[PDB]
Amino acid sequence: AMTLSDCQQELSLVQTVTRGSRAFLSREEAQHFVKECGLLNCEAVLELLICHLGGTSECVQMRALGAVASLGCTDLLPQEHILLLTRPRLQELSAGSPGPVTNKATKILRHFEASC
């Protein structure tokens, strides 16, 4: 955590994008998230999203995965670099019981692997 304590703007962003009752980001929310990512440290945002993939509820996991997918479909980080950072947690989730989070993590992982 201490290597992220100076990432308070990034934490606020991730807390914003992951709160809400719908499991899918809106077009507006995703575009806002991506715009703000461009102004902050993308890698730290991704590490904080990965933190929210564990120890949370199903809806927060779904929105955090959505945010990972959105960032992956930009050019803010090389997509091989997004894969390097996200592969372990995406592999763990994809090994889980069938369900929304398992399915969504699997599709994201298969997409990042295909691009490389």
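Residue numbers here begin at 1 and follow the sequence given.
Once the C-alpha B-factors are averaged per stretch, 1 to 9 and 107 to 115 rank with 1 to 9 first. The PDB entry records a higher mean C-alpha B factor for 30 to 38 than for its counterpart among 30 to 38 and 62 to 70. Split the chain's modelled residues into thirds by C-alpha temperature factor. Residue 17 is in the middle one. Ranked within its chain, residue 97 lands in the highest third, by CA B factor from the PDB record.
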